[PDB]
Protein chains: 2
Amino acid sequence: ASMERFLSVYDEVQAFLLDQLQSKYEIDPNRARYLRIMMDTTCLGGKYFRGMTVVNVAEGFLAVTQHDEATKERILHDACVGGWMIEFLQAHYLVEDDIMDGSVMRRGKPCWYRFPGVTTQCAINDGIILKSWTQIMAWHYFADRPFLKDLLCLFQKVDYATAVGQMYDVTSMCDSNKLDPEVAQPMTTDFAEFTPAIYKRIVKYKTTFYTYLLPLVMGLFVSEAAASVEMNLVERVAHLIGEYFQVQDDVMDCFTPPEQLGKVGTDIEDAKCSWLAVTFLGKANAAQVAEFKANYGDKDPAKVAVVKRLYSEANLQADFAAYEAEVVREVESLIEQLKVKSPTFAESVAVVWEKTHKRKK
Amino acid sequence: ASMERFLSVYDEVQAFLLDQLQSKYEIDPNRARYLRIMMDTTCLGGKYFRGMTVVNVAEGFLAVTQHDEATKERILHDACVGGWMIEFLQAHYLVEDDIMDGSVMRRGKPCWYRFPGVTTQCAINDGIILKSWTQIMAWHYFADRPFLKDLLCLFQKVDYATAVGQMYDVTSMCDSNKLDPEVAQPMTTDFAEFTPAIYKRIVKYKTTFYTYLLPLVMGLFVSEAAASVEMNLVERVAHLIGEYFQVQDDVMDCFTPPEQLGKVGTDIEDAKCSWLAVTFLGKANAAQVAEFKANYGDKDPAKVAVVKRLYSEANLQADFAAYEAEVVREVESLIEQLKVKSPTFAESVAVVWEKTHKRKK
Ligand SMILES: CCCCCCNCC(P(=O)(O)O)P(=O)(O)O
Ligand SMILES: CCCCCCNCC(P(=O)(O)O)P(=O)(O)O
Ligand SMILES: C=C(C)CCOP(=O)(O)OP(=O)(O)O
Ligand SMILES: C=C(C)CCOP(=O)(O)OP(=O)(O)O
Ligand SMILES: [Mg+2]
Ligand SMILES: [Mg+2]
Ligand SMILES: [Mg+2]
Ligand SMILES: [Mg+2]
Ligand SMILES: [Mg+2]
Ligand SMILES: [Mg+2]
Ligand code: NA
Ligand code: NA
């Protein structure tokens, strides 16, 4: 009902983008083609959680708010375009993240850079184009909209936030006091920065702003219902669900086979400050902690297997359920406080929470 | 007088950026430090032609326009910030370009990714941050300015244009009909796409929009004098100077020693559709053309030396002066047509033209 409306607007956006390249950017048909496959491979294939949040939030408000048929048509269209803005922004992140994480598979297919006729050299620019598309979309479809200014200001701050998060994420396996562009960076030995506080910082910026804050508040913008809600609660609900979503993603990088995921894990091999590792060091004994340090951050399969072993043995799925329960408490609690000013946005969050809580992919 | 005012505003912008990271983005001092060196290494060291165009254009108008001392202070400050917007945007391009071109040296120092304690993995994100800074700067300093909307719309279209240009540039050594993400790309053999038309297309988008259009029109924005000029002429003067600037850059990649440049050329090794190569094929005989094809697009030093040889022999500096003369004609001509509506912007262009025409670095 909304999903089919969503995916129809992509074709409309893609055509307006690719035609503009012909009529303004002197593009030859083969490059226009290349960019079509690029767009397809990088924007489609995923869960569309971020996009469909914008649309579900908008639909929410359209059931209680009196509008003419045309305005209802307009709000539903803006919401899909905004959804695609966020989806193109994630396309951009994944392309760039994959190169940064040396990944092999993504959404069941090879990573964009790993495509034989792409390579790292082109993918980098492809990523930049994906970003650039978000803005052309915005200015084109939203030029004459009351919400343009807010939308763009939020957007570019969500984006900055994400990139700051990546910085924390790719340097999470270095000792802070050793960071220096002049000197090649040695991987941590004491793992003293694998603390819940430092991990929560990584996840906040690299995930929660663009995966939760942005779509929720976006769907409010297209509805012009930003005043109708309590931001401090929206900020808090988004950061809490997002941290969970990332904790989820972390557990799956270890335990969920790529056949279902469908990407191949790299968190152990890459020395990532993952949820699994932090929790482990938060409970392990001296000897367990010792074996970890001699086997983590290495691409050697048996050393990765030694780490996967230690995680099963250290019974981490138990610390997961104590965290999951603690989250549902806090999530349900935060939804209650929202039922006051904005009942329609509370159930919107509830739906996004259910989607998130029961995801496996 | 303006240069010293320019460089003072960088320190002010850098502090506002780095403090915001402390007070909003939970940054630790060592990462704040890292980003300071990153900012410094990537934004400073260059000619500041793009930034100083914004300021020279603004100063131009401030000599003829009646303003209070405070408004003069304000316009000069906006112009420096805008200048840094474009300078941070180029920082972003160079970081990403260097990885894409496999470069070794930049502004007399190693390329950002080549720094021992950086690597390709971090530089990619550093590039994204550099971009993201342009927008935070904008929204912070220009929130309450009449010109914000135009500035941002122009900016994101200049940026898209540049990235489309890069696409044309990194795939300029492939046959169009062979482009395919599924199949690894073979380098051209017939060089049929090395035609002035195809080259002019590459340069238009990858250089002229961000190096000339953007600063010129930007300096008009901060002055609010966009109506006071003829855009079709501004567009045309910018594309013509920019193509020249790029032709300049191309010649220097071959002939200007890195000791002065100061970067190391990669155009021959990388099979770049450079000005030199196109002009060569535009004049060479059958046998000369034949030797080129067996020696171009190769990192082998002697094969590069065989190509540098053919360029001297084919007397390309002669085709340069016929082009340079043809440009000064057209540039001086276009300046005349501007003297009508906007005399102050004409001399601004004249100054930028002199700066460009007599650059060696
Ligand atoms: C360039 C900004 C990228 C933001 C990071 C995206 N987070 C997703 C990544 P992760 O951060 O490596 O978990 P993946 O999908 O698990 O590979
Ligand atoms: C990512 C967009 C980059 C725009 C290209 C910048 N042009 C400068 C490059 P070029 O395009 O390789 O000549 P360089 O300074 O000569 O290495
Ligand atoms: C940011 C993260 C952790 C990516 C994981 O799956 P996503 O839901 O984000 O990616 P899609 O497959 O839905 O694009
Ligand atoms: C875009 C090109 C051709 C870069 C060459 O020198 P620039 O003038 O652009 O670079 P700076 O050293 O001034 O930053
Ligand atoms: Mg990652
Ligand atoms: Mg990853
Ligand atoms: Mg992950
Ligand atoms: Mg290049
Ligand atoms: Mg280059
Ligand atoms: Mg060059
Ligand atoms: Na338009
Ligand atoms: Na601010």
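Rules and cut-offs
- Sequence positions in this view are assigned from 1 along each chain in the order the sequence is written. Entry numbering can differ, and residues without coordinates are absent from the display.
- For naming, the first written chain is A and the first written ligand is 1, with later ones following in the order written.
- To obtain the side-chain values, all non-hydrogen atoms of the structure were used and water was disregarded.
- If a single non-hydrogen atom of a residue is within 4 Å of a molecule or strand, that residue counts as near it.
- A 3.5 Å cut-off defines polar contacts: any pair of N or O atoms within that distance qualifies, except that in protein one atom must be a possible hydrogen donor and the other a possible acceptor, and neighbouring residues in sequence count only when both atoms are side-chain atoms.
- For every accessible area listed, the method is Shrake-Rupley and the probe measures 1.4 Å; residues are considered covered only by the protein chains on display.
- To define axes, lines are fitted to C-alpha atoms, for helices over the stretch in contact only, and angles between the resulting N-to-C directions are given on a 0 to 180 degree scale.
- Every helix listed is a DSSP run of H or I at least four residues long, and every strand listed is a run of E at least two residues long, numbered separately from the N terminus.
- Roughly parallel means an angle under 35 degrees; roughly antiparallel, over 145; roughly perpendicular, 65 to 115; everything else is oblique.
- By convention the crossing between two helices is left-handed if the near helix lies anticlockwise of the far one by an angle smaller than a right angle, and right-handed if it lies clockwise.
- Only heavy atoms enter the contact rule, under which two residues are in contact if any of them lie within 4.5 Å.
- Pairing of aromatic rings covers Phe, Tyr and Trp, the last through its six-membered ring, and needs centres within 6.5 Å; plane angles under 30 degrees mean stacked, over 60 mean edge-to-face, and all others mean tilted.
- Residue exposure (1.4 Å probe, protein chains only): buried if accessible area is under 20% of the type maximum, exposed if over 50%, otherwise partly exposed.
- Counting as a charge over the ring demands two things of the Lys NZ or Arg CZ atom: a distance within 6 Å of the ring centre and an angle within 35 degrees of the ring normal.
- Every case where a carboxyl oxygen of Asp or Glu lies within 4 Å of a side-chain nitrogen of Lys or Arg is listed as a salt bridge.
- Here the coordinating atoms are restricted to nitrogen, oxygen and sulfur within 2.8 Å of the metal centre, or 3.2 Å for Na, K and Ca, and because water is not among them the sites may look incomplete.
- A quick way to say it: buried area is the sum, across both parts, of accessible area lost when two parts are put together, with a 1.4 Å probe.
- Residues are grouped as follows: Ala, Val, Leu, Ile, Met, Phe, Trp, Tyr, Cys and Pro are nonpolar; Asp, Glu, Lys and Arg are charged; every other residue, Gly included, is polar.

(A) Structural view of the site of ligand 3. All names here are of chain A. As a structural note, the neighbourhood of ligand 3 is formed by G46, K47, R50, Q90, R107, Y210, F245, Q246, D249 and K263. In the environment of ligand 3, an oxygen atom lies 2.9 Å from a nitrogen or oxygen atom belonging to the side chain of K47. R107 is positioned such that a nitrogen or oxygen atom in its side chain is 2.7 Å from an oxygen atom of ligand 3. Protein contact buries 89% of the 380 Å² of open area that ligand 3 shows by itself.

(B) Examining the packing of helix 5 (residues 119–141) of chain A against helix 6 (residues 148–170) of chain B more closely. Packing of helix 5 of chain A against helix 6 of chain B brings their axes to within 9 Å, and their N-to-C directions diverge by 150°. Taken together, the axes of helix 5 of chain A and helix 6 of chain B lie roughly antiparallel to each other. Read as a crossing pair, helix 5 of chain A and helix 6 of chain B show a hand that is left-handed. Along the contact surface, helix 5 of chain A presents A:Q121, A:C122, A:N125, A:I128, A:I129, A:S132, A:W133, A:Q135, A:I136 and A:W139, while helix 6 of chain B presents B:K149, B:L152, B:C153, B:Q156, B:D159, B:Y160, B:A163, B:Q166, B:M167 and B:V170.

(C) Geometry of the packing of aromatic side chains. Counted by the stated rule, this structure contains 56 aromatic pairs over all chains. Aromatic side chains A:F191 and A:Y296 sit 6.2 Å apart centroid to centroid with 70° between the ring planes, which places their arrangement in the edge-to-face category. Of this pair, A:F191 sits in the loop between helix 6 (148–170) and helix 7 (196–221) while A:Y296 sits in the loop between helix 11 (286–293) and helix 12 (301–313), and the two are 105 residues apart along the sequence. Residues A:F191 and A:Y296 agree in their burial class; the two are buried. Between B:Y168 and B:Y205, the aromatic rings sit 6.0 Å apart at their centres with planes inclined by 80°, giving edge-to-face as the arrangement. Of this pair, B:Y168 sits in helix 6 while B:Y205 sits in helix 7 (residues 196–221), and the two are 37 residues apart along the sequence. Cluster of aromatic residues (ring-pair linked, three or more members): A:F6, A:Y10, A:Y48, A:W84, A:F88 and A:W133. A cation over an aromatic ring shows up here: A:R201 above the ring of A:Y168, its NZ or CZ 3.9 Å from the ring centre.

(D) Structural detail: the side chain of B:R359. By secondary structure assignment, the location of B:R359 is in the segment after helix 14 (343–357). In this structure, B:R359 is in contact with B:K47, B:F49, B:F245, B:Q248, B:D249 and B:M252, ignoring residues within four places of it in sequence.

(E) Inspection of the pattern of salt bridges at higher detail. Per the counting criterion, the structure on display carries 38 salt bridges over all chains. Ionic pairing is found between A:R201 and B:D28, a salt bridge with its closest N-O pair at 2.6 Å. Here A:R201 is found in helix 7, whereas its partner B:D28 is found in the loop between helix 1 (3–24) and helix 2 (29–43) on a different chain. As far as the burial class goes, A:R201 and B:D28 line up, both buried.

(F) Representation of the coordination of the magnesium ion (ligand 5) within the structure. All names here are of chain A. Protein-derived ligands of the magnesium ion (ligand 5) are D97 (OD) and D101 (OD), with the metal-ligand distances lying across 2.2 to 2.3 Å. In this model, the magnesium ion (ligand 5) sits 3.2 Å from the magnesium ion (ligand 6), the two metals being bridged by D97. With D97 and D101 both in helix 4 (residues 69–101), this residue pair falls 4 residues apart, about one helical turn. As far as burial versus exposure is concerned, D97 and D101 are alike and both buried.

(G) Main features of the interface of chain A and chain B. With 65 residues of chain A at the contact, the number on the chain B side is 65 residues. Area buried by chain A at its contact with chain B is led by A:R31, A:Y160 and A:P181, which between them contribute 15% of it. At the boundary of chain A with chain B, the tally comes to 26 residue pairs in polar contact. Here the side of chain A that touches chain B takes 15 residues from helix 6 of chain A, the largest share from any one element. Looking at the side of chain A that touches chain B residue by residue, the classes come out as 36 nonpolar, 15 polar and 14 charged.

(H) Inspection of the site of ligand 4 at higher detail. Residues and elements named next belong to chain B. Near ligand 4 the following residues occur: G46, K47, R50, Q90, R107, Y210, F245, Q246, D249 and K263. Here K47 contributes a side-chain N or O atom positioned 2.9 Å from an oxygen atom of ligand 4. Interatomic distance of 2.9 Å between a side-chain N/O atom of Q90 and an oxygen atom of ligand 4. With the chains in place, 89% of the 380 Å² that ligand 4 exposes on its own is no longer accessible. In terms of residue count, the dominant contributor to the shell around ligand 4 is helix 8 (residues 231–255) (3 residues).

(I) Molecular detail of the packing of helix 2 of chain B against helix 5 (residues 119–142) of chain B. Residue and element names in this part refer to chain B. It is at 11 Å that the axes of helix 2 and helix 5 come closest, and there the two elements cross at 80°. Considered as vectors, helix 2 and helix 5 are oriented roughly perpendicular to each other. Of the residues in helix 5, those in contact with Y34, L35, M38, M39, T42 and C43 of helix 2 are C122, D126, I129, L130 and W133. Taken together, the residues of the contact of helix 2 with helix 5 sort by class into 9 nonpolar, 1 polar and 1 charged.

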